[PDB]
$ cat my_file_32.txt   # compact mmCIF, C-alpha atoms
# COMPACT_ATOMS: atom_id res chain seq x y z
CA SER S 21 0.00 0.00 0.00
CA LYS S 22 2.80 2.35 1.04
CA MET S 23 5.02 0.92 -1.73
CA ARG S 24 1.88 1.00 -3.93
CA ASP S 25 0.85 4.69 -3.52
CA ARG S 26 4.63 5.09 -3.91
CA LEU S 27 4.38 3.33 -7.29
CA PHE S 28 1.36 5.44 -8.33
CA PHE S 29 2.94 8.70 -7.11
CA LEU S 30 5.88 8.18 -9.48
CA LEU S 31 3.64 7.04 -12.34
CA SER S 32 1.57 10.24 -11.95
CA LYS S 33 4.49 12.52 -11.04
CA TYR S 34 6.30 11.53 -14.23
CA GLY S 35 3.23 10.97 -16.43
CA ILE S 36 3.79 7.30 -17.29
CA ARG S 37 1.16 4.60 -17.79
CA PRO S 38 0.53 1.23 -16.05
CA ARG S 39 2.32 -0.72 -18.77
CA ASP S 40 4.58 0.45 -21.60
CA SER S 41 5.00 -3.12 -22.84
CA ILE S 42 2.52 -5.95 -22.34
CA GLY S 43 5.54 -7.92 -21.00
CA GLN S 44 6.21 -5.72 -17.89
CA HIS S 45 4.68 -5.77 -14.38
CA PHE S 46 6.57 -4.08 -11.47
CA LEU S 47 7.26 -5.88 -8.18
CA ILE S 48 5.52 -3.80 -5.51
CA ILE S 49 6.00 -5.61 -2.17
CA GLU S 50 8.88 -5.10 0.23
CA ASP S 51 9.36 -8.47 1.96
CA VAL S 52 9.44 -10.28 -1.41
CA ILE S 53 12.25 -7.84 -2.25
CA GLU S 54 13.72 -8.44 1.23
CA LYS S 55 13.39 -12.23 0.91
CA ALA S 56 14.94 -12.02 -2.58
CA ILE S 57 17.96 -10.23 -1.04
CA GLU S 58 18.12 -12.53 2.00
CA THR S 59 18.12 -15.55 -0.35
CA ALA S 60 21.10 -13.99 -2.22
CA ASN S 61 23.10 -13.07 0.94
CA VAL S 62 24.02 -9.64 -0.45
CA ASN S 63 26.91 -8.24 1.62
CA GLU S 64 29.15 -5.16 1.54
CA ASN S 65 31.56 -7.00 -0.81
CA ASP S 66 29.18 -8.13 -3.55
CA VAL S 67 28.73 -6.74 -7.09
CA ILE S 68 25.12 -7.06 -8.25
CA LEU S 69 23.28 -7.30 -11.60
CA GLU S 70 19.62 -6.26 -11.59
CA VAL S 71 17.69 -6.27 -14.90
CA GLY S 72 14.68 -3.99 -15.33
CA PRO S 73 14.87 -1.81 -12.16
CA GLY S 74 11.45 -0.35 -12.92
CA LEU S 75 10.98 2.44 -10.37
CA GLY S 76 14.07 1.66 -8.31
CA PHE S 77 12.27 -0.18 -5.51
CA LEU S 78 14.53 -3.28 -5.51
CA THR S 79 17.56 -1.21 -6.64
CA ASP S 80 17.26 0.83 -3.42
CA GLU S 81 17.57 -2.21 -1.14
CA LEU S 82 20.43 -3.73 -3.23
CA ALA S 83 22.23 -0.38 -3.28
CA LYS S 84 22.13 0.00 0.51
CA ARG S 85 23.55 -3.51 1.11
CA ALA S 86 26.26 -4.07 -1.53
CA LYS S 87 29.46 -2.40 -2.72
CA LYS S 88 28.35 -2.04 -6.36
CA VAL S 89 25.17 -2.53 -8.39
CA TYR S 90 24.84 -2.50 -12.18
CA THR S 91 21.26 -2.26 -13.42
CA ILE S 92 19.84 -2.19 -16.97
CA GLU S 93 16.74 -0.45 -18.36
CA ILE S 94 15.97 0.27 -22.05
CA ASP S 95 13.49 3.19 -21.59
CA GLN S 96 15.40 6.48 -21.35
CA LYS S 97 12.71 8.07 -19.16
CA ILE S 98 12.96 5.29 -16.58
CA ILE S 99 16.63 6.16 -16.12
CA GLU S 100 15.72 9.87 -15.79
CA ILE S 101 13.37 8.85 -12.95
CA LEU S 102 15.89 6.59 -11.16
CA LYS S 103 18.36 9.48 -11.25
CA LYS S 104 15.97 12.20 -10.06
CA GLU S 105 14.10 10.30 -7.38
CA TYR S 106 17.21 8.61 -5.89
CA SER S 107 20.58 9.60 -4.42
CA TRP S 108 22.80 6.52 -4.91
CA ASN S 109 26.59 6.50 -4.60
CA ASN S 110 27.14 2.93 -5.79
CA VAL S 111 24.41 2.19 -8.36
CA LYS S 112 25.46 2.21 -12.04
CA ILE S 113 22.55 2.68 -14.45
CA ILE S 114 23.06 1.09 -17.89
CA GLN S 115 20.73 1.92 -20.78
CA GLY S 116 19.95 -0.99 -23.10
CA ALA S 117 18.23 -4.22 -24.01
CA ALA S 118 20.07 -6.36 -21.44
CA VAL S 119 20.21 -9.33 -23.84
CA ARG S 120 22.22 -7.38 -26.44
CA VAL S 121 24.39 -5.10 -24.23
CA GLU S 122 27.69 -6.43 -22.82
CA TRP S 123 27.42 -7.26 -19.09
CA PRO S 124 29.86 -6.22 -16.29
CA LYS S 125 31.59 -8.46 -13.81
CA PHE S 126 29.24 -9.28 -10.92
CA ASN S 127 29.36 -12.03 -8.30
CA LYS S 128 25.59 -12.06 -7.93
CA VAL S 129 22.26 -11.26 -9.56
CA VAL S 130 19.07 -10.10 -7.81
CA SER S 131 16.44 -9.29 -10.39
CA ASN S 132 12.83 -9.38 -11.55
CA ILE S 133 13.17 -10.90 -15.04
CA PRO S 134 10.60 -9.27 -17.41
CA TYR S 135 8.94 -12.12 -19.18
CA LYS S 136 9.56 -10.88 -22.74
CA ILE S 137 13.21 -11.83 -22.14
CA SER S 138 13.03 -14.69 -19.65
CA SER S 139 14.63 -17.20 -22.08
CA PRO S 140 17.28 -15.12 -24.00
CA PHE S 141 18.42 -13.71 -20.65
CA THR S 142 18.61 -17.01 -18.78
CA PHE S 143 20.71 -18.57 -21.58
CA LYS S 144 23.29 -15.77 -21.35
CA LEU S 145 23.31 -15.97 -17.54
CA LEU S 146 23.93 -19.72 -17.26
CA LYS S 147 27.11 -19.10 -19.33
CA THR S 148 28.82 -16.66 -16.95
CA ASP S 149 30.94 -16.40 -13.79
CA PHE S 150 28.48 -15.74 -10.96
CA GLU S 151 28.40 -17.53 -7.62
CA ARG S 152 24.64 -16.91 -7.12
CA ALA S 153 21.58 -15.56 -8.96
CA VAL S 154 18.14 -14.92 -7.42
CA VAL S 155 15.70 -14.27 -10.30
CA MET S 156 11.89 -13.88 -10.48
CA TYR S 157 10.40 -15.59 -13.54
CA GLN S 158 6.79 -16.72 -14.04
CA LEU S 159 5.79 -20.03 -12.45
CA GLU S 160 5.53 -21.80 -15.83
CA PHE S 161 9.01 -20.67 -17.00
CA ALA S 162 10.52 -21.60 -13.63
CA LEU S 163 8.90 -25.05 -13.89
CA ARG S 164 10.31 -25.49 -17.43
CA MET S 165 13.72 -24.74 -15.96
CA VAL S 166 13.37 -27.54 -13.39
CA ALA S 167 11.61 -30.12 -15.58
CA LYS S 168 13.22 -33.58 -15.52
CA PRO S 169 14.41 -35.34 -18.76
CA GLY S 170 11.69 -37.53 -20.24
CA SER S 171 8.96 -35.30 -18.74
CA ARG S 172 6.59 -33.60 -21.16
CA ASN S 173 7.79 -30.01 -20.84
CA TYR S 174 11.55 -30.65 -21.11
CA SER S 175 13.09 -28.15 -23.53
CA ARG S 176 16.35 -26.56 -24.76
CA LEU S 177 16.20 -24.49 -21.56
CA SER S 178 15.73 -27.37 -19.08
CA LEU S 179 18.75 -29.17 -20.59
CA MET S 180 21.15 -26.24 -20.39
CA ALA S 181 19.71 -25.32 -16.95
CA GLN S 182 20.67 -28.82 -15.84
CA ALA S 183 23.95 -29.10 -17.75
CA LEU S 184 25.17 -25.82 -16.28
CA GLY S 185 23.35 -24.98 -13.03
CA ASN S 186 21.46 -26.01 -9.90
CA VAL S 187 17.96 -24.56 -9.65
CA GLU S 188 15.92 -24.23 -6.42
CA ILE S 189 12.45 -22.87 -6.85
CA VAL S 190 12.62 -21.04 -3.53
CA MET S 191 8.93 -20.16 -3.32
CA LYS S 192 5.91 -19.19 -5.40
CA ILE S 193 5.18 -15.46 -5.66
CA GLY S 194 1.57 -14.28 -5.65
CA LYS S 195 0.41 -12.34 -8.70
CA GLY S 196 -0.67 -9.87 -5.97
CA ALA S 197 2.94 -8.68 -5.47
CA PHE S 198 2.98 -6.97 -8.91
CA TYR S 199 1.30 -4.17 -10.90
CA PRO S 200 -0.49 -4.46 -13.14
CA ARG S 201 -1.60 -7.76 -11.56
CA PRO S 202 -0.27 -10.51 -13.91
CA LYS S 203 -2.68 -13.12 -15.24
CA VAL S 204 -0.56 -15.84 -13.58
CA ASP S 205 1.76 -16.51 -10.64
CA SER S 206 5.53 -16.08 -10.52
CA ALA S 207 8.34 -17.98 -8.79
CA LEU S 208 11.63 -17.19 -7.06
CA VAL S 209 14.58 -19.08 -8.52
CA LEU S 210 18.03 -19.63 -7.04
CA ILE S 211 20.81 -20.42 -9.53
CA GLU S 212 24.18 -21.56 -8.28
CA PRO S 213 26.31 -22.57 -11.35
CA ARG S 214 27.26 -26.24 -11.59
CA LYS S 215 30.62 -27.49 -10.23
CA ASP S 216 30.98 -29.85 -13.20
CA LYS S 217 29.29 -27.77 -15.95
CA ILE S 218 28.51 -30.07 -18.90
CA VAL S 219 29.67 -27.97 -21.83
CA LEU S 220 27.61 -28.68 -24.97
CA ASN S 221 27.65 -27.57 -28.63
CA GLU S 222 24.92 -24.92 -29.18
CA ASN S 223 24.16 -25.65 -32.85
CA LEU S 224 23.74 -29.35 -32.04
CA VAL S 225 21.37 -28.67 -29.12
CA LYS S 226 19.10 -26.31 -31.10
CA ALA S 227 19.08 -28.79 -34.00
CA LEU S 228 18.09 -31.66 -31.68
CA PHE S 229 15.56 -29.42 -29.88
CA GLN S 230 14.11 -27.76 -33.05
CA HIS S 231 11.74 -30.75 -32.97
CA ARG S 232 12.22 -32.35 -29.60
CA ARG S 233 9.53 -34.98 -30.12
CA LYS S 234 11.71 -36.64 -32.83
CA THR S 235 14.08 -39.55 -32.30
CA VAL S 236 17.70 -38.42 -32.42
CA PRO S 237 18.29 -39.99 -35.92
CA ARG S 238 15.20 -38.19 -37.29
CA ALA S 239 16.19 -35.04 -35.37
CA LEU S 240 19.74 -35.15 -36.77
CA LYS S 241 18.60 -36.30 -40.23
CA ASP S 242 16.04 -33.51 -40.74
CA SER S 243 18.31 -30.70 -39.46
CA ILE S 244 21.31 -31.15 -41.76
CA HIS S 245 19.56 -31.21 -45.17
CA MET S 246 18.60 -27.74 -43.86
CA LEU S 247 22.19 -26.67 -43.12
CA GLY S 248 23.09 -27.26 -46.80
CA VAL S 249 24.63 -30.72 -46.24
CA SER S 250 23.78 -33.65 -48.50
CA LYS S 251 21.73 -36.39 -46.79
CA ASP S 252 23.63 -39.00 -48.78
CA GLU S 253 26.94 -37.80 -47.22
CA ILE S 254 25.45 -38.46 -43.77
CA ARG S 255 23.09 -41.48 -43.88
CA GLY S 256 25.65 -43.98 -42.59
CA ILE S 257 27.35 -41.79 -40.00
CA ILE S 258 24.30 -40.82 -37.93
CA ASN S 259 22.95 -44.38 -37.90
CA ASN S 260 25.47 -45.50 -35.27
CA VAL S 261 24.73 -42.45 -33.11
CA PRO S 262 24.53 -43.20 -29.32
CA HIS S 263 21.03 -43.37 -27.83
CA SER S 264 19.46 -43.39 -31.31
CA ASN S 265 16.52 -44.92 -29.39
CA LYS S 266 15.75 -41.77 -27.41
CA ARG S 267 13.61 -38.87 -28.46
CA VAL S 268 15.26 -35.52 -27.81
CA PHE S 269 13.04 -34.60 -24.82
CA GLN S 270 14.51 -37.65 -23.02
CA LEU S 271 18.17 -36.64 -23.30
CA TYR S 272 20.50 -36.00 -20.35
CA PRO S 273 23.36 -33.47 -20.88
CA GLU S 274 25.58 -36.53 -20.44
CA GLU S 275 23.80 -38.04 -23.47
CA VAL S 276 24.00 -34.93 -25.67
CA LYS S 277 27.75 -34.80 -25.01
CA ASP S 278 28.10 -38.40 -26.22
CA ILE S 279 26.31 -37.36 -29.43
CA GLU S 280 28.64 -34.31 -29.57
CA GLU S 281 31.96 -36.19 -29.39
CA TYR S 282 30.57 -38.69 -31.92
CA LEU S 283 29.50 -36.23 -34.63
CA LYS S 284 32.72 -34.26 -34.06
CA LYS S 285 34.86 -37.41 -34.29
CA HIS S 286 32.86 -38.71 -37.29
CA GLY S 287 33.29 -35.19 -38.69
CA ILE S 288 29.90 -33.40 -38.71
CA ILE S 289 29.83 -30.55 -36.16
CA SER S 290 33.59 -30.51 -36.81
$ encode --input "my_file_32.txt" --output "structure tokens"
Amino acid sequence: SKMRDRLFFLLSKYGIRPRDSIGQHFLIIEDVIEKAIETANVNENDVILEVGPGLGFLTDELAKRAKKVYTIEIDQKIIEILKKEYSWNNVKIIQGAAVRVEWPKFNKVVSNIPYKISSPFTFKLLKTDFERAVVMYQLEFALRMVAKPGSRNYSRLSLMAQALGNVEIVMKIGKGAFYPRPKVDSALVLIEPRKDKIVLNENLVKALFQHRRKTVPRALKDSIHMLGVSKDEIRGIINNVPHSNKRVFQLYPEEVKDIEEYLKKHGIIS
């Protein structure tokens, strides 16, 4: 309520509307912010990466707890409002689409991931030096991140989220803690990066996961006529591929790597 007239006061003070994009809903509750920070263990030493600061509500609490905070927004007026309404020594505003701009060093992330970029973002993040990330996706996206191989909703994301990270869903987050109210719930996600990251070939993984319901022969066979490669040059080679029996939505990162070393050896990916 206090943080919510405090949302409206800025919206009216600056003449901006509920939603610029239909993929943006500000977090507007303090102990979700506090619990996001407490989950991250932000200390005086840390260097933070928020995405989409909105009206500075979560940036405030990060800024008063850490050494340094980098924070990205793409709307030039939002920046103007984070600069006028706040008096930070340590916060560093960056203008851009956070998927395209080059990121700083940071040991941690504490963010509310706008949904329009939940998947580009997460991919970039999982391939970075960070000891901890505490991100707020939607409940569906968060569940896709933690889906188990074989299970219906296993995707390119769930694989690389398993290959390269550990993923608590810390708690569900009521649609009530945002404005405008979202149609659906959100979730809080912890991401420590994996000790033994299983490093995979990207072009392979997309190819396999372009049609993830296909068996890995069919998935490999259909992809490479597309590349420009003759099917005749490749009939024999693929047909001794490991786990040719699996469909792609049933693959462990351990099993994609086996396919990697095989195609590379037998001379396809390289």
$ closest_residue --input "my_file_32.txt" --among "S:183, S:122, S:104, S:22" --to "residue 50 of chain S" --atoms "all atoms listed in the file"
S:22
$ closest_residue --input "my_file_32.txt" --among "S:102, S:119, S:247, S:49" --to "residue 193 of chain S" --atoms "only C-alpha atoms"
S:49
$ residues_around --input "my_file_32.txt" --residues "segment 236-244 of chain S" --least-positions-apart "5" --cutoff "6 Å" --atoms "only C-alpha atoms" --output "ChimeraX atom specification"
/S:227-228,249,264,267-268
$ residues_around --input "my_file_32.txt" --residues "residue 257 of chain S" --least-positions-apart "3" --cutoff "10 Å" --atoms "all atoms listed in the file" --output "VMD selection string"
chain S and resid 252 to 254 260 to 261 282 to 283 286 to 288
$ residues_near_point --input "my_file_32.txt" --point "(9.2, -28.5, -6.8)" --cutoff "12 Å" --atoms "only C-alpha atoms" --output "count of residues only"
18
$ atom_distance --input "my_file_32.txt" --atom1 "atom CA of residue 113 of chain S" --atom2 "atom CA of residue 137 of chain S"
18.9 Å
$ atom_distance --input "my_file_32.txt" --atom1 "atom CA of residue 123 of chain S" --atom2 "atom CA of residue 140 of chain S"
13.7 Å
$ residues_around --input "my_file_32.txt" --residues "residue 121 of chain S" --least-positions-apart "4" --cutoff "12 Å" --atoms "only C-alpha atoms" --output "tab-separated table (two decimals) with C-alpha atoms, in the frame of the given file"
chain	number	residue	atom	x	y	z
S	71	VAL	CA	17.69	-6.27	-14.90
S	91	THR	CA	21.26	-2.26	-13.42
S	92	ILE	CA	19.84	-2.19	-16.97
S	93	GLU	CA	16.74	-0.45	-18.36
S	94	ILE	CA	15.97	0.27	-22.05
S	114	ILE	CA	23.06	1.09	-17.89
S	115	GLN	CA	20.73	1.92	-20.78
S	116	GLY	CA	19.95	-0.99	-23.10
S	117	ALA	CA	18.23	-4.22	-24.01
S	141	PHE	CA	18.42	-13.71	-20.65
S	144	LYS	CA	23.29	-15.77	-21.35
$ atom_distance --input "my_file_32.txt" --atom1 "atom CA of residue 279 of chain S" --atom2 "atom CA of residue 186 of chain S"
23.1 Å
$ closest_residue --input "my_file_32.txt" --among "S:258, S:83, S:154, S:129" --to "residue 110 of chain S" --atoms "all atoms listed in the file"
S:83
$ closest_residue --input "my_file_32.txt" --among "S:107, S:149, S:112, S:185" --to "residue 215 of chain S" --atoms "all atoms listed in the file"
S:185
$ residues_around --input "my_file_32.txt" --residues "residue 134 of chain S" --least-positions-apart "5" --cutoff "10 Å" --atoms "all atoms listed in the file" --output "ChimeraX atom specification"
/S:41,43-46,71-72,141,156-158
$ residues_near_point --input "my_file_32.txt" --point "(28.7, -2.0, -9.0)" --cutoff "9 Å" --atoms "only C-alpha atoms" --output "PDB file with C-alpha atoms, keeping the file's coordinate frame"
ATOM      1  CA  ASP S  66      29.180  -8.130  -3.550  1.00  0.00           C
ATOM      2  CA  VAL S  67      28.730  -6.740  -7.090  1.00  0.00           C
ATOM      3  CA  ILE S  68      25.120  -7.060  -8.250  1.00  0.00           C
ATOM      4  CA  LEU S  69      23.280  -7.300 -11.600  1.00  0.00           C
ATOM      5  CA  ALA S  83      22.230  -0.380  -3.280  1.00  0.00           C
ATOM      6  CA  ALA S  86      26.260  -4.070  -1.530  1.00  0.00           C
ATOM      7  CA  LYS S  87      29.460  -2.400  -2.720  1.00  0.00           C
ATOM      8  CA  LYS S  88      28.350  -2.040  -6.360  1.00  0.00           C
ATOM      9  CA  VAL S  89      25.170  -2.530  -8.390  1.00  0.00           C
ATOM     10  CA  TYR S  90      24.840  -2.500 -12.180  1.00  0.00           C
ATOM     11  CA  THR S  91      21.260  -2.260 -13.420  1.00  0.00           C
ATOM     12  CA  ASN S 110      27.140   2.930  -5.790  1.00  0.00           C
ATOM     13  CA  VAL S 111      24.410   2.190  -8.360  1.00  0.00           C
ATOM     14  CA  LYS S 112      25.460   2.210 -12.040  1.00  0.00           C
ATOM     15  CA  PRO S 124      29.860  -6.220 -16.290  1.00  0.00           C
ATOM     16  CA  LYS S 125      31.590  -8.460 -13.810  1.00  0.00           C
ATOM     17  CA  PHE S 126      29.240  -9.280 -10.920  1.00  0.00           C
TER      18      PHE S 126
END
$ axis_aligned_box --input "my_file_32.txt" --around "segment 175-194 of chain S" --padding-each-side "6 Å" --output "lines of an AutoDock Vina configuration file"
center_x = 13.4
center_y = -21.7
center_z = -14.0
size_x = 35.6
size_y = 26.9
size_z = 33.4
$ closest_residue --input "my_file_32.txt" --among "S:133, S:180, S:42, S:99" --to "residue 202 of chain S" --atoms "only C-alpha atoms"
S:42
$ closest_residue --input "my_file_32.txt" --among "S:135, S:199, S:108, S:272" --to "residue 182 of chain S" --atoms "only C-alpha atoms"
S:272
$ decode --input "my_file_32.txt" --residues "segment 191-219 of chain S" --atoms "N, CA, C and O atoms" --output "PDB file, in the first residue's frame"
ATOM      1  N   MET S 191      10.314 -20.325  -3.705  1.00  0.00           N
ATOM      2  CA  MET S 191       8.929 -20.157  -3.319  1.00  0.00           C
ATOM      3  C   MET S 191       8.146 -19.590  -4.489  1.00  0.00           C
ATOM      4  O   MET S 191       8.724 -18.983  -5.383  1.00  0.00           O
ATOM      5  N   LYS S 192       6.824 -19.782  -4.435  1.00  0.00           N
ATOM      6  CA  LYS S 192       5.912 -19.193  -5.402  1.00  0.00           C
ATOM      7  C   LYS S 192       5.712 -17.743  -4.976  1.00  0.00           C
ATOM      8  O   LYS S 192       5.903 -17.420  -3.802  1.00  0.00           O
ATOM      9  N   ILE S 193       5.378 -16.876  -5.939  1.00  0.00           N
ATOM     10  CA  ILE S 193       5.182 -15.461  -5.662  1.00  0.00           C
ATOM     11  C   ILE S 193       3.820 -15.048  -6.211  1.00  0.00           C
ATOM     12  O   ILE S 193       3.614 -15.019  -7.425  1.00  0.00           O
ATOM     13  N   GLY S 194       2.913 -14.702  -5.290  1.00  0.00           N
ATOM     14  CA  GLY S 194       1.573 -14.275  -5.651  1.00  0.00           C
ATOM     15  C   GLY S 194       1.583 -13.201  -6.735  1.00  0.00           C
ATOM     16  O   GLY S 194       2.371 -12.258  -6.698  1.00  0.00           O
ATOM     17  N   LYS S 195       0.681 -13.365  -7.700  1.00  0.00           N
ATOM     18  CA  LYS S 195       0.408 -12.343  -8.696  1.00  0.00           C
ATOM     19  C   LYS S 195       0.026 -11.017  -8.024  1.00  0.00           C
ATOM     20  O   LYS S 195       0.016  -9.976  -8.676  1.00  0.00           O
ATOM     21  N   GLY S 196      -0.297 -11.054  -6.725  1.00  0.00           N
ATOM     22  CA  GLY S 196      -0.670  -9.869  -5.967  1.00  0.00           C
ATOM     23  C   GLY S 196       0.506  -8.926  -5.741  1.00  0.00           C
ATOM     24  O   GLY S 196       0.292  -7.726  -5.582  1.00  0.00           O
ATOM     25  N   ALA S 197       1.739  -9.460  -5.774  1.00  0.00           N
ATOM     26  CA  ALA S 197       2.939  -8.680  -5.474  1.00  0.00           C
ATOM     27  C   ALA S 197       3.438  -7.874  -6.682  1.00  0.00           C
ATOM     28  O   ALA S 197       4.574  -7.392  -6.662  1.00  0.00           O
ATOM     29  N   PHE S 198       2.598  -7.717  -7.720  1.00  0.00           N
ATOM     30  CA  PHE S 198       2.977  -6.971  -8.906  1.00  0.00           C
ATOM     31  C   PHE S 198       1.856  -6.012  -9.313  1.00  0.00           C
ATOM     32  O   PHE S 198       0.743  -6.084  -8.782  1.00  0.00           O
ATOM     33  N   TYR S 199       2.216  -5.094 -10.235  1.00  0.00           N
ATOM     34  CA  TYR S 199       1.301  -4.173 -10.900  1.00  0.00           C
ATOM     35  C   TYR S 199       1.770  -3.930 -12.339  1.00  0.00           C
ATOM     36  O   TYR S 199       2.945  -3.692 -12.579  1.00  0.00           O
ATOM     37  N   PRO S 200       0.880  -4.001 -13.354  1.00  0.00           N
ATOM     38  CA  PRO S 200      -0.490  -4.459 -13.141  1.00  0.00           C
ATOM     39  C   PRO S 200      -0.437  -5.920 -12.679  1.00  0.00           C
ATOM     40  O   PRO S 200       0.547  -6.612 -12.951  1.00  0.00           O
ATOM     41  N   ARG S 201      -1.461  -6.360 -11.925  1.00  0.00           N
ATOM     42  CA  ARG S 201      -1.597  -7.762 -11.557  1.00  0.00           C
ATOM     43  C   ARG S 201      -1.341  -8.602 -12.810  1.00  0.00           C
ATOM     44  O   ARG S 201      -1.919  -8.331 -13.861  1.00  0.00           O
ATOM     45  N   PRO S 202      -0.451  -9.618 -12.775  1.00  0.00           N
ATOM     46  CA  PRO S 202      -0.270 -10.510 -13.915  1.00  0.00           C
ATOM     47  C   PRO S 202      -1.432 -11.496 -13.954  1.00  0.00           C
ATOM     48  O   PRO S 202      -2.157 -11.650 -12.973  1.00  0.00           O
ATOM     49  N   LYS S 203      -1.610 -12.151 -15.100  1.00  0.00           N
ATOM     50  CA  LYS S 203      -2.678 -13.119 -15.241  1.00  0.00           C
ATOM     51  C   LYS S 203      -2.343 -14.363 -14.417  1.00  0.00           C
ATOM     52  O   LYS S 203      -3.248 -15.089 -14.010  1.00  0.00           O
ATOM     53  N   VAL S 204      -1.038 -14.596 -14.174  1.00  0.00           N
ATOM     54  CA  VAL S 204      -0.560 -15.837 -13.583  1.00  0.00           C
ATOM     55  C   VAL S 204       0.471 -15.550 -12.492  1.00  0.00           C
ATOM     56  O   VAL S 204       0.915 -14.421 -12.323  1.00  0.00           O
ATOM     57  N   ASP S 205       0.836 -16.606 -11.755  1.00  0.00           N
ATOM     58  CA  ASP S 205       1.762 -16.511 -10.640  1.00  0.00           C
ATOM     59  C   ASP S 205       3.193 -16.391 -11.160  1.00  0.00           C
ATOM     60  O   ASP S 205       3.450 -16.531 -12.345  1.00  0.00           O
ATOM     61  N   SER S 206       4.107 -16.093 -10.241  1.00  0.00           N
ATOM     62  CA  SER S 206       5.526 -16.085 -10.521  1.00  0.00           C
ATOM     63  C   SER S 206       6.210 -17.066  -9.580  1.00  0.00           C
ATOM     64  O   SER S 206       5.540 -17.720  -8.780  1.00  0.00           O
ATOM     65  N   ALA S 207       7.544 -17.166  -9.696  1.00  0.00           N
ATOM     66  CA  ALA S 207       8.340 -17.984  -8.791  1.00  0.00           C
ATOM     67  C   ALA S 207       9.711 -17.350  -8.569  1.00  0.00           C
ATOM     68  O   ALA S 207      10.217 -16.641  -9.430  1.00  0.00           O
ATOM     69  N   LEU S 208      10.292 -17.626  -7.398  1.00  0.00           N
ATOM     70  CA  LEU S 208      11.635 -17.190  -7.056  1.00  0.00           C
ATOM     71  C   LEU S 208      12.583 -18.347  -7.324  1.00  0.00           C
ATOM     72  O   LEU S 208      12.333 -19.466  -6.889  1.00  0.00           O
ATOM     73  N   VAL S 209      13.671 -18.047  -8.037  1.00  0.00           N
ATOM     74  CA  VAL S 209      14.578 -19.076  -8.523  1.00  0.00           C
ATOM     75  C   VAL S 209      15.997 -18.744  -8.077  1.00  0.00           C
ATOM     76  O   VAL S 209      16.505 -17.668  -8.378  1.00  0.00           O
ATOM     77  N   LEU S 210      16.612 -19.686  -7.352  1.00  0.00           N
ATOM     78  CA  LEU S 210      18.028 -19.633  -7.043  1.00  0.00           C
ATOM     79  C   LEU S 210      18.801 -20.366  -8.136  1.00  0.00           C
ATOM     80  O   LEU S 210      18.383 -21.429  -8.587  1.00  0.00           O
ATOM     81  N   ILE S 211      19.918 -19.776  -8.576  1.00  0.00           N
ATOM     82  CA  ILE S 211      20.805 -20.423  -9.532  1.00  0.00           C
ATOM     83  C   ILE S 211      22.241 -20.281  -9.033  1.00  0.00           C
ATOM     84  O   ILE S 211      22.843 -19.222  -9.162  1.00  0.00           O
ATOM     85  N   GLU S 212      22.750 -21.341  -8.398  1.00  0.00           N
ATOM     86  CA  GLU S 212      24.183 -21.563  -8.276  1.00  0.00           C
ATOM     87  C   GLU S 212      24.631 -22.266  -9.563  1.00  0.00           C
ATOM     88  O   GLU S 212      23.918 -23.142 -10.064  1.00  0.00           O
ATOM     89  N   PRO S 213      25.815 -21.928 -10.133  1.00  0.00           N
ATOM     90  CA  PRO S 213      26.311 -22.570 -11.349  1.00  0.00           C
ATOM     91  C   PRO S 213      26.960 -23.896 -10.986  1.00  0.00           C
ATOM     92  O   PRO S 213      27.531 -24.006  -9.908  1.00  0.00           O
ATOM     93  N   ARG S 214      26.879 -24.875 -11.893  1.00  0.00           N
ATOM     94  CA  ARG S 214      27.264 -26.244 -11.586  1.00  0.00           C
ATOM     95  C   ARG S 214      28.782 -26.318 -11.434  1.00  0.00           C
ATOM     96  O   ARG S 214      29.512 -25.596 -12.118  1.00  0.00           O
ATOM     97  N   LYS S 215      29.216 -27.196 -10.510  1.00  0.00           N
ATOM     98  CA  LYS S 215      30.623 -27.491 -10.228  1.00  0.00           C
ATOM     99  C   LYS S 215      31.292 -28.093 -11.475  1.00  0.00           C
ATOM    100  O   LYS S 215      32.430 -27.748 -11.833  1.00  0.00           O
ATOM    101  N   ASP S 216      30.535 -29.006 -12.108  1.00  0.00           N
ATOM    102  CA  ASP S 216      30.976 -29.850 -13.204  1.00  0.00           C
ATOM    103  C   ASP S 216      30.128 -29.533 -14.436  1.00  0.00           C
ATOM    104  O   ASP S 216      29.509 -30.425 -15.006  1.00  0.00           O
ATOM    105  N   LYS S 217      30.090 -28.250 -14.824  1.00  0.00           N
ATOM    106  CA  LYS S 217      29.294 -27.772 -15.953  1.00  0.00           C
ATOM    107  C   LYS S 217      29.486 -28.721 -17.125  1.00  0.00           C
ATOM    108  O   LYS S 217      30.627 -28.952 -17.510  1.00  0.00           O
ATOM    109  N   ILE S 218      28.399 -29.274 -17.679  1.00  0.00           N
ATOM    110  CA  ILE S 218      28.507 -30.067 -18.896  1.00  0.00           C
ATOM    111  C   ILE S 218      28.382 -29.114 -20.085  1.00  0.00           C
ATOM    112  O   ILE S 218      27.313 -28.579 -20.381  1.00  0.00           O
ATOM    113  N   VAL S 219      29.533 -28.913 -20.745  1.00  0.00           N
ATOM    114  CA  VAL S 219      29.673 -27.974 -21.834  1.00  0.00           C
ATOM    115  C   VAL S 219      29.230 -28.701 -23.101  1.00  0.00           C
ATOM    116  O   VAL S 219      29.758 -29.772 -23.424  1.00  0.00           O
TER     117      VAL S 219
END
